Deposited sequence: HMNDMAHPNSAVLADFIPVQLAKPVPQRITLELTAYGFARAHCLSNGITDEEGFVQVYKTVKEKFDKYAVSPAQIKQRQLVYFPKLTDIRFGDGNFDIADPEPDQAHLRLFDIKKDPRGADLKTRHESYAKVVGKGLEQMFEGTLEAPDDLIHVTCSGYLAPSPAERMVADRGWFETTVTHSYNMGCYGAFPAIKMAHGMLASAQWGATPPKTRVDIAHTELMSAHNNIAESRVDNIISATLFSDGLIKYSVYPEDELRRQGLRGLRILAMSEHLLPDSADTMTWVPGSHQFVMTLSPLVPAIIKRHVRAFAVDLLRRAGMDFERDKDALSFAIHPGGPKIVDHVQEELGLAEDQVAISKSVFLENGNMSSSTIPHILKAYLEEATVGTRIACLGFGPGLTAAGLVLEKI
């Protein structure tokens, strides 16, 4: 196919062994209780006891449970009353919370320097099988912003002095979509002649959601986000389809893409850097707003691909970003989807939690590695805005 871009070769890197959810919940609950006691001058044991019981009750009620998420990769959760060891200065940098003295923990500068170090290493592992520089490298993240970025430093470390680096930043849980949109555009811009020809764009996701741990705030939506979000680093490539074929690779051919905002929703999800970490609010209104608009969005997306929702939806897999425990279910229900059309997305959430932008790429990795050639996949995700983003893919 001329004028075609193809996703391929998806490579996750695990930086830390995933922690069983019931343990994340016990310790996070204990940390929120100590922080709270530090924050309100409660100093006596029986004081901590009553606060701890209340925090635990709150966790039982509102925390994402082990039945919903089995384990999460959390680089900044301590390595396996609790007592926490100090770590080797060998790595004070993994320790960004504080339950003895200042409950706000590390400040943002410290967290940013930590991010650069951890992602730096992650990126060197993500790209160690890469033999030739890409024409472009896109860095996607919503969890740490530095200039130059860890991506820029790695490209230089590799001596990749003809590679364009583009930051695709602050586009949250759906950040794969705009990154794939750029990549498609960089291949199309090359075919238009504005740059010499290009044969590969590499996109690298690095989300350290656990770097933004906030145990000083006890509002429900913070309990929920502390127990919901997880870390994920994953890279994949975008090839012009002729280059994909020449290299004998399997891939996901891009058919169509779409993205725009949803009305009366801007305040329902926010994410803002403050003095110590990026701070989140999340309204319980969000799944209903997604439910309300997803169908019309999906019908339009399939039309963009020359498809018809009523006639073609049954043969499609739907890769859906699992933003909360019930998001896939809601979309499943609104779109009238069978279990086997949404099974991979539920399972990635169940095994990993919400790794923010890195989630959808892990979903697409499983489709690329499991589906028959010819399979079509409609991808949907949501993030702040609120934004709806979508992609139509075909396995080739």
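Counting from residue 1 of the deposited sequence, the stretches lacking C-alpha coordinates in this chain are 1 to 6, 87 to 94.
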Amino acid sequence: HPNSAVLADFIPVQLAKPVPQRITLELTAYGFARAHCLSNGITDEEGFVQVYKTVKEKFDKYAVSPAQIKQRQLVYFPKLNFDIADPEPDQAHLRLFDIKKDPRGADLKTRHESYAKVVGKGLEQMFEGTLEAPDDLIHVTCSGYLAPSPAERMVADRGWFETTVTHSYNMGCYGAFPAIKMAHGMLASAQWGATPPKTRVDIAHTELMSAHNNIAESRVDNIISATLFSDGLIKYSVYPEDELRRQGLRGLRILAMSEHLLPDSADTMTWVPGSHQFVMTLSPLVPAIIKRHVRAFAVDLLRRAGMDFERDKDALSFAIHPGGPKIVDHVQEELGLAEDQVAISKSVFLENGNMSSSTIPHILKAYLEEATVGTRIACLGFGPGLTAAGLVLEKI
From here on, numbers count along this sequence of modelled residues.
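The PDB entry records a higher mean C-alpha B factor for 329 to 337 than for its counterpart among 351 to 359 and 329 to 337. Higher mean CA B-factor, judged across 129 to 137 and 243 to 251 from the recorded values: 243 to 251.
Within the listed group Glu152, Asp231, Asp202, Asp86, the record reports its top CA B-factor for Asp86.
Taking the PDB entry at face value, the top CA B factor among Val75, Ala315, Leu261, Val119 belongs to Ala315.
For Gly185, the recorded CA temperature factor ranks within the lowest third of the chain's modelled residues. Ranked by Cα temperature factor within the chain, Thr372 sits in the highest third according to the deposited record.
Among the modelled residues of its chain, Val51 has a C-alpha B-factor that falls in the highest third, as given in the PDB entry. The entry lists a Cα temperature factor for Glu207 that places it in the lowest third of the chain's modelled residues. Among all modelled residues in its chain, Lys365 ranks in the lowest third by Cα B-factor.
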